[PDB]
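Structure, please.
(8 chains, ligands or ions: 141)
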Amino acid sequence: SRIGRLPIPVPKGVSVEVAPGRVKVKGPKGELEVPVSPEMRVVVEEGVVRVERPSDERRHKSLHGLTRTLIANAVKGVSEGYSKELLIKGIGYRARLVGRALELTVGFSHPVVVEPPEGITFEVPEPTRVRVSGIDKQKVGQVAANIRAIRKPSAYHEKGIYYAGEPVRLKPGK
Amino acid sequence: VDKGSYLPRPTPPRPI
Amino acid sequence: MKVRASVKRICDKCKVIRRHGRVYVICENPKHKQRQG
Amino acid sequence: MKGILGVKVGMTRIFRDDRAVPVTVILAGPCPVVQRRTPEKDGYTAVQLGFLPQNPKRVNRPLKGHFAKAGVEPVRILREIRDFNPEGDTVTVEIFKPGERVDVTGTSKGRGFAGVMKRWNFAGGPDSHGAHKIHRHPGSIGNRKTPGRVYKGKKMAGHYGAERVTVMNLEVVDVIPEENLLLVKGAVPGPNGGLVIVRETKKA
Amino acid sequence: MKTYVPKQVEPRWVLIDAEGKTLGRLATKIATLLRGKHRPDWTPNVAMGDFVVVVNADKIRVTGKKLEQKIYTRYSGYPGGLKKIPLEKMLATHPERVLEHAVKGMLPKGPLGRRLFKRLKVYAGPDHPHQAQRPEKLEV
RNA sequence: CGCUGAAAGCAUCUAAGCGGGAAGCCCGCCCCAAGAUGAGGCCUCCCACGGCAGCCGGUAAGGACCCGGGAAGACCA
RNA sequence: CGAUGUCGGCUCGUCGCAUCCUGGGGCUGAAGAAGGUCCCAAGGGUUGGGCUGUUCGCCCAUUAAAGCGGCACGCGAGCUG
RNA sequence: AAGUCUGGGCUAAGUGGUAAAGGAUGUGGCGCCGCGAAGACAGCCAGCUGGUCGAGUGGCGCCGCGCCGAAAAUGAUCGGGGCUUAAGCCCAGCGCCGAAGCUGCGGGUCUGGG
Ligand SMILES: [Mg+2]
Ligand SMILES: [Mg+2]
Ligand SMILES: [Mg+2]
Ligand SMILES: [Mg+2]
Ligand SMILES: [Mg+2]
Ligand SMILES: [Mg+2]
Ligand SMILES: [Mg+2]
Ligand SMILES: [Mg+2]
Ligand SMILES: [Mg+2]
Ligand SMILES: [Mg+2]
Ligand SMILES: [Mg+2]
Ligand SMILES: [Mg+2]
Ligand SMILES: [Mg+2]
Ligand SMILES: [Mg+2]
Ligand SMILES: [Mg+2]
Ligand SMILES: [Mg+2]
Ligand SMILES: [Mg+2]
Ligand SMILES: [Mg+2]
Ligand SMILES: [Mg+2]
Ligand SMILES: [Mg+2]
Ligand SMILES: [Mg+2]
Ligand SMILES: [Mg+2]
Ligand SMILES: [Mg+2]
Ligand SMILES: [Mg+2]
Ligand SMILES: [Mg+2]
Ligand SMILES: [Mg+2]
Ligand SMILES: [Mg+2]
Ligand SMILES: [Mg+2]
Ligand SMILES: [Mg+2]
Ligand SMILES: [Mg+2]
Ligand SMILES: [Mg+2]
Ligand SMILES: [Mg+2]
Ligand SMILES: [Mg+2]
Ligand SMILES: [Mg+2]
Ligand SMILES: [Mg+2]
Ligand SMILES: [Mg+2]
Ligand SMILES: [Mg+2]
Ligand SMILES: [Mg+2]
Ligand SMILES: [Mg+2]
Ligand SMILES: [Mg+2]
Ligand SMILES: [Mg+2]
Ligand SMILES: [Mg+2]
Ligand SMILES: [Mg+2]
Ligand SMILES: [Mg+2]
Ligand SMILES: [Mg+2]
Ligand SMILES: [Mg+2]
Ligand SMILES: [Mg+2]
Ligand SMILES: [Mg+2]
Ligand SMILES: [Mg+2]
Ligand SMILES: [Mg+2]
Ligand SMILES: [Mg+2]
Ligand SMILES: [Mg+2]
Ligand SMILES: [Mg+2]
Ligand SMILES: [Mg+2]
Ligand SMILES: [Mg+2]
Ligand SMILES: [Mg+2]
Ligand SMILES: [Mg+2]
Ligand SMILES: [Mg+2]
Ligand SMILES: [Mg+2]
Ligand SMILES: [Mg+2]
Ligand SMILES: [Mg+2]
Ligand SMILES: [Mg+2]
Ligand SMILES: [Mg+2]
Ligand SMILES: [Mg+2]
Ligand SMILES: [Mg+2]
Ligand SMILES: [Mg+2]
Ligand SMILES: [Mg+2]
Ligand SMILES: [Mg+2]
Ligand SMILES: [Mg+2]
Ligand SMILES: [Mg+2]
Ligand SMILES: [Mg+2]
Ligand SMILES: [Mg+2]
Ligand SMILES: [Mg+2]
Ligand SMILES: [Mg+2]
Ligand SMILES: [Mg+2]
Ligand SMILES: [Mg+2]
Ligand SMILES: [Mg+2]
Ligand SMILES: [Mg+2]
Ligand SMILES: [Mg+2]
Ligand SMILES: [Mg+2]
Ligand SMILES: [Mg+2]
Ligand SMILES: [Mg+2]
Ligand SMILES: [Mg+2]
Ligand SMILES: [Mg+2]
Ligand SMILES: [Mg+2]
Ligand SMILES: [Mg+2]
Ligand SMILES: [Mg+2]
Ligand SMILES: [Mg+2]
Ligand SMILES: [Mg+2]
Ligand SMILES: [Mg+2]
Ligand SMILES: [Mg+2]
Ligand SMILES: [Mg+2]
Ligand SMILES: [Mg+2]
Ligand SMILES: [Mg+2]
Ligand SMILES: [Mg+2]
Ligand SMILES: [Mg+2]
Ligand SMILES: [Mg+2]
Ligand SMILES: [Mg+2]
Ligand SMILES: [Mg+2]
Ligand SMILES: [Mg+2]
Ligand SMILES: [Mg+2]
Ligand SMILES: [Mg+2]
Ligand SMILES: [Mg+2]
Ligand SMILES: [Mg+2]
Ligand SMILES: [Mg+2]
Ligand SMILES: [Mg+2]
Ligand SMILES: [Mg+2]
Ligand SMILES: [Mg+2]
Ligand SMILES: [Mg+2]
Ligand SMILES: [Mg+2]
Ligand SMILES: [Mg+2]
Ligand SMILES: [Mg+2]
Ligand SMILES: [Mg+2]
Ligand SMILES: [Mg+2]
Ligand SMILES: [Mg+2]
Ligand SMILES: [Mg+2]
Ligand SMILES: [Mg+2]
Ligand SMILES: [Mg+2]
Ligand SMILES: [Mg+2]
Ligand SMILES: [Mg+2]
Ligand SMILES: [Mg+2]
Ligand SMILES: [Mg+2]
Ligand SMILES: [Mg+2]
Ligand SMILES: [Mg+2]
Ligand SMILES: [Mg+2]
Ligand SMILES: [Mg+2]
Ligand SMILES: [Mg+2]
Ligand SMILES: [Mg+2]
Ligand SMILES: [Mg+2]
Ligand SMILES: [Mg+2]
Ligand SMILES: [Mg+2]
Ligand SMILES: [Mg+2]
Ligand SMILES: [Mg+2]
Ligand SMILES: [Mg+2]
Ligand SMILES: [Mg+2]
Ligand SMILES: [Mg+2]
Ligand SMILES: [Mg+2]
Ligand SMILES: [Mg+2]
Ligand SMILES: [Mg+2]
Ligand SMILES: [Mg+2]
Ligand SMILES: [Zn+2]
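Residues are numbered from 1 along each chain as shown, chains lettered A, B, ... in the order given. Ligands and ions are numbered 1, 2, ... in the order given. And now the structure:
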């Protein structure tokens, strides 16, 4: 029944410097800063980071959980890193890499070229699976979402750009 | 829409 | 989306959420999606 | 951005790929830069261009001074082109090649006191069926007690023409540098012998 | 005995750092200084208040959601000529006008109030061109 | 419509934060515009006049009057 | 009531939005196309005719569409009658 | 013109500064049961019981203040500016300002008593 006061395991060897309103998390895969409410106090313990809240009113409880998870994701970010996988279902539909860039061939009159932003890597194993990877979790999920929006799953046919592990709910056709 | 007619059709006078 | 002055839960899987000053009802079933207005 | 001053000389059509094409001929060159406007000095970027030679008998001392500081013969017309800085000290028609598109500004022909029909294409009145001395009249100019007034900008009779007009995106059909001549496709504001400005178009 | 009425005095110039201050609560004081009601010899029918120089007026602060909700309004006299500009945009485009509008509305209407408004010198950024007058730093 | 995400171990477009998104809104195009009395700016020209922030007078740079006109125009401009 | 000229047309518009079209959406008993229904949106647009004094309405031929209202049932020191 | 007055509290809508049935995990405050260290609620591994987690958790009622419901015609606005531990709202105070009311000073006239 709580998230903020659950302690954050910090792997070896990633560091956590603490500033007012932000924390920096460096590690084997890069560094990224986490902006944090000045009302919250993060704490640097042995091999572990904790977050404490100044009271038990509403805004403070809400900020608590958020802050803890925010930093936990940063920690896992620079160590394990983040990824999301995309399934490309549909006959003519395929993907390939062109340099760092991703080329979606998905039923339009043209192919669509997605450029990886800073801190983001594209991978194409099969021509029907795409891997979005980077140390920033919200950035990975965003880009993944971006890629999917190019051709969202059809409502009547198993066709388009799918999340790995997203179910294929369909409606009957005529 | 046709309703009443609250004034007669007018005509100009002659001061002097 | 249905836009009504009375937004209610339609099925046990409906969910009354509130974002941006407005009362929504979102759900697994797209037909049950409501916004108060 | 690039531009030149010129005079409107007249209209013709020429033949180009078995097609007749209406042109307006413009004498544009040659225009000496006589002052440059700079961000440190004036706050913006432009080039003051002179045009047409003037009898120094008619050019007063304050004007003489301006010319002299530029080392330029007395000219009849000074006019600027914003965001234009030619590497040269003289601007000619050669800045425009055929196929380029241009914006031409001139001073439209003046109709003086124009009726509401010529000016604003009002329908005027009927010419029979009882119409009473209102054949070229504008009709109502308002409402009643509310708002009990006439809007600003009400189209009404008044002066018309002899005002700055710009027609945009005209094809450069030819340029004849040895006669300082520019051929532009279509119609250009103003009368023959009228001062005009030719600028590189702003359309794409 | 009749009430003292002052002869013309050398007006005082004044400097205010607007940074971080609340728009209306600052304006209130700027007006008072303008009317010169801080002066014990106040006279209502002459300009005898201070000259007020304000800096960092782009860094004025405001409460609630007024950045997105406060609307400044302008009618041009033409049909449909009511233009609407939010605080956020006014700060982005003409930040000094924010503090200028607030103060102006808290000055008397009429010939004198207009004069008192002209004795108000507002600037975005920390610098002002009136060191020549050597304005006295005010804490408000 | 989303990303990330607590309160509320799940979930949540939101309470921290970040995206996408209209012929519409702000710029951008065209025209007016410093009486914008908040009367802006640059280039150039004249200049240190005689009399007892004022006055009378003669000039400088320049302006007007008058005339020949004008795809400018009711007069005026 | 020591006068606030009254329908309709014409001329000229201007505003509202409960939107007729065009733009953006959600749900669909949405396969596609084409519809339904609700949400956002007032920038622009919204035809020519037959009948009747008509407003309205019906009809013809089209249209992206042929929107509904306010302005003294907008407008007779503007016209018609 | 006179308090950016003092002390407790609520509101986050510019509510205050135009409205109803009704709808809502808005926020604060009370109340009542249900369920749980014999291990509940949530999630991860089974079939309403089982296993590791180690606390609280789920429904009901009243109260304060807010949210939606909320479309109309020239240009907007709480009178304006502007106001968010207030310059809003509830409770309790101290002080001030404020009329041709009342007081002080002078005068007029009538009436009544000297
Ligand atoms: Mg194809
Ligand atoms: Mg769809
Ligand atoms: Mg079927
Ligand atoms: Mg009647
Ligand atoms: Mg609906
Ligand atoms: Mg219902
Ligand atoms: Mg139910
Ligand atoms: Mg939003
Ligand atoms: Mg759901
Ligand atoms: Mg430039
Ligand atoms: Mg010109
Ligand atoms: Mg005419
Ligand atoms: Mg005419
Ligand atoms: Mg004529
Ligand atoms: Mg004509
Ligand atoms: Mg015309
Ligand atoms: Mg015509
Ligand atoms: Mg006509
Ligand atoms: Mg006609
Ligand atoms: Mg005609
Ligand atoms: Mg007649
Ligand atoms: Mg006639
Ligand atoms: Mg009108
Ligand atoms: Mg009026
Ligand atoms: Mg006008
Ligand atoms: Mg003219
Ligand atoms: Mg073309
Ligand atoms: Mg404050
Ligand atoms: Mg202050
Ligand atoms: Mg003070
Ligand atoms: Mg503040
Ligand atoms: Mg704000
Ligand atoms: Mg108007
Ligand atoms: Mg307009
Ligand atoms: Mg409009
Ligand atoms: Mg409007
Ligand atoms: Mg306007
Ligand atoms: Mg406009
Ligand atoms: Mg007053
Ligand atoms: Mg989702
Ligand atoms: Mg998520
Ligand atoms: Mg989560
Ligand atoms: Mg979680
Ligand atoms: Mg937010
Ligand atoms: Mg909030
Ligand atoms: Mg956004
Ligand atoms: Mg997206
Ligand atoms: Mg268009
Ligand atoms: Mg000008
Ligand atoms: Mg101009
Ligand atoms: Mg000027
Ligand atoms: Mg000018
Ligand atoms: Mg002037
Ligand atoms: Mg002004
Ligand atoms: Mg300037
Ligand atoms: Mg000037
Ligand atoms: Mg300048
Ligand atoms: Mg110059
Ligand atoms: Mg001398
Ligand atoms: Mg001299
Ligand atoms: Mg002397
Ligand atoms: Mg003199
Ligand atoms: Mg002379
Ligand atoms: Mg002449
Ligand atoms: Mg003449
Ligand atoms: Mg003419
Ligand atoms: Mg003359
Ligand atoms: Mg009467
Ligand atoms: Mg009379
Ligand atoms: Mg009378
Ligand atoms: Mg009468
Ligand atoms: Mg009358
Ligand atoms: Mg007709
Ligand atoms: Mg007519
Ligand atoms: Mg007609
Ligand atoms: Mg109107
Ligand atoms: Mg209308
Ligand atoms: Mg309006
Ligand atoms: Mg409706
Ligand atoms: Mg219809
Ligand atoms: Mg559409
Ligand atoms: Mg539409
Ligand atoms: Mg649609
Ligand atoms: Mg169907
Ligand atoms: Mg079908
Ligand atoms: Mg379709
Ligand atoms: Mg639809
Ligand atoms: Mg309908
Ligand atoms: Mg609407
Ligand atoms: Mg519209
Ligand atoms: Mg309209
Ligand atoms: Mg017709
Ligand atoms: Mg007919
Ligand atoms: Mg009819
Ligand atoms: Mg009518
Ligand atoms: Mg009808
Ligand atoms: Mg009928
Ligand atoms: Mg019938
Ligand atoms: Mg059609
Ligand atoms: Mg259609
Ligand atoms: Mg029709
Ligand atoms: Mg209809
Ligand atoms: Mg209509
Ligand atoms: Mg009406
Ligand atoms: Mg009437
Ligand atoms: Mg009526
Ligand atoms: Mg009428
Ligand atoms: Mg009525
Ligand atoms: Mg009508
Ligand atoms: Mg009408
Ligand atoms: Mg009338
Ligand atoms: Mg009338
Ligand atoms: Mg008449
Ligand atoms: Mg009539
Ligand atoms: Mg009248
Ligand atoms: Mg206080
Ligand atoms: Mg206080
Ligand atoms: Mg207090
Ligand atoms: Mg609200
Ligand atoms: Mg309010
Ligand atoms: Mg309100
Ligand atoms: Mg209410
Ligand atoms: Mg109610
Ligand atoms: Mg209720
Ligand atoms: Mg409660
Ligand atoms: Mg127990
Ligand atoms: Mg369990
Ligand atoms: Mg509201
Ligand atoms: Mg409305
Ligand atoms: Mg509306
Ligand atoms: Mg209204
Ligand atoms: Mg209204
Ligand atoms: Mg309205
Ligand atoms: Mg309105
Ligand atoms: Mg208090
Ligand atoms: Mg008395
Ligand atoms: Mg007495
Ligand atoms: Mg007495
Ligand atoms: Mg008596
Ligand atoms: Mg006696
Ligand atoms: Zn449901």
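
distance of whatever residue of chain C ends up closest to chain D from residue E:47?
Nearest residue of chain C to chain D, counting by CB to the nearest CB: residue C:37, 33.5 Å away. Quick note: C-beta positions are derived from backbone N, CA and C, even for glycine. Distance of residue C:37 to residue E:47, given as CB to CB, to the nearest Å: 54 Å.

For the two, indicate the residue with more neighbours.
residue E:47 (16 against 11; other CB atoms under 10 Å in any protein chain shown).

First-to-last residue distance for stretch A:105-125?
15 Å (CA to CA, to the nearest Å).

Run through who's touching stretch D:183-195.
For stretch D:183-195, the surrounding residues in contact (CB atoms under 8 Å, 6 or more residues apart in numbering or on different chains) are D:5-11, D:14, D:21-26, D:51, D:77, D:102, D:104-109, D:165-167, D:170-176, D:196, D:198.

can you tell if that stretch touches RNA strand F?
Yes - counting by CB under 7 Å from any atom of the strand, RNA strand F has neighbours in stretch D:183-195: D:190-194.

still on that earlier bit, buried ones only from the contacts of stretch D:183-195, please, as a ChimeraX command.
Here is the ChimeraX command that selects the buried residues among these (16 or more other CB atoms under 10 Å in any protein chain shown):
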select /D:5,6,7,8,21,23,24,25,26,51,102,104,105,106,107,108,167,170,171,172,173,174,175,196,198
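
residues contacting the residue of chain C closest to chain D?
Going by CB under 8 Å, 6+ apart, residue C:37 touches C:3-5, C:22.

Equivalent analysis for residue C:30, please.
Under the criterion of CB under 8 Å, 6+ apart, residue C:30 has no contact partners.

For it, grab phi and psi.
phi -60, psi -30 (degrees, to the nearest 10).

Please enumerate the strands of chain E.
E:13-17, E:51-55, E:71-75, E:82-86, E:120-122, E:136-137 (DSSP state E).

Likewise for chain C?
Under DSSP E, chain C gives strands at C:2-4, C:15-19, C:22-26, C:34-36.

List the neighbours of stretch E:36-56 that are in contact with it.
The contact list for stretch E:36-56, computed with CB under 8 Å, 6+ apart, reads E:4-6, E:8-9, E:11-19, E:30, E:32-35, E:99, E:112, E:115-116, E:119-128, E:130, E:133, E:135.

what about that stretch, how long is it end to end?
23 Å.

and it, is it in reach of RNA strand F?
No - using CB under 7 Å from any atom of the strand, stretch E:36-56 stays clear of RNA strand F, coming no nearer than 11.3 Å.

now that stretch: how far from the chain's centre is it?
12 Å (CA atoms, centre = their mean, to the nearest Å).

Is residue E:26 in contact with residue E:138, as I believe?
No - distance between residue E:26 and residue E:138: 10.9 Å, which falls outside the contact criterion (CB atoms under 8 Å).

on that earlier part again, quick one: which of the strands of chain E is nearest ligand 13?
Proximity to ligand 13, assessed across those by CB to the ion, is greatest for strand E:71-75 (33.0 Å).

Excluding residues flanking it in the chain, which one is nearest the residue nearest the centre of chain E?
The centroid of chain E falls nearest to residue E:103 when counting by CA atoms, centre = their mean (4.0 Å). Excluding the flanking residues, the one nearest residue E:103 by CB to CB, 6 or more residues apart in numbering or on different chains is residue E:27, at 4.7 Å.

ok, now residue D:44?
Using CB to CB, 6+ apart, the nearest residue to residue D:44 is residue D:37, at 6.0 Å.

what do you get for residue A:170?
residue A:156 (6.3 Å).

separation between that neighbour and residue D:34?
In terms of CB to CB, residue A:156 sits 72 Å off from residue D:34.

more crowded one of the two?
residue D:34 (20 against 10).

dump the residue contacts of the more buried one.
With CB under 8 Å, 6+ apart, residue D:34 has these contacts: D:48-50, D:66-67, D:70, D:72, D:75, D:78.

for it, helix, strand, or coil?
Under the three-state scheme (DSSP: H, G, I helix; E, B strand; the rest coil), residue D:34 adopts strand.

same thing with residue D:190?
coil.

Would you mind giving both backbone torsions of the nearest residue to it once chain neighbours are set aside?
Leaving out its chain neighbours, the residue that sits closest to residue D:190 by CB to CB, 6+ apart is residue D:106, at 3.7 Å. Here is the backbone geometry of residue D:106 (degrees, to the nearest 10): phi -150, psi -180.

buried residues in stretch A:33-47?
Going by 16+ other CB under 10 Å, stretch A:33-47 has these buried residues: A:34, A:36-37, A:40, A:42.
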